[PDB]
């Protein structure tokens, strides 16, 4: 997958004026309700930690089995989540994916491949950097986690059966 590689770019150069950096993050900060009540100091700290990933159709963001260390926000494009060779979700602009336990857990191992269907742009933040911010901005930590709902949780395997396997397993009993 693209995560964990050089394909993940910093949104802001480190010497960029802080307020311009916050502006560079607007597609997430001004649109996702979890960022609503952040102080300027809080937005500036988050803005400097955010990264972006740009994928082509067919590129994998994650492969099943790979470590999931970031919260990922889809800002442009569409992706498919694939488990056991079946589509289990389609993600699009505004969707958030990662580990449901991002707040307390260091790592999750992905149970699904996440594959771009179109050219895709993600804004991603490592959960260790996010946690450092939330441990300082205590009130923000409450409103942020309250309003941060994942569209897909890569930590959990979906339990499902294929109709054809049930049909065969019916015919053979």
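Positions refer to the first chain, counted from 1.
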- Avg C-alpha B-factor, entry values, 99 to 107 vs 74 to 82, higher side is 99 to 107
- Task: Can you let me know which of the two, 56 to 64 or 122 to 130, has the higher average C-alpha B-factor in the entry?
- Result: 56 to 64
- Message: Maximum C-alpha temperature factor per the entry, among 47, 28, 34, 139, belongs to which one?
- Response: 139
- Message: Just the C-alpha B-factor column, please: which of 11, 22, 154, 158 has the biggest number?
- Response: 158
- Task: Among all modelled residues of this chain, ranked by Cα B factor, put residue 135 in the bottom, middle or top third, i.e. lowest, middle or highest.
- Result: middle
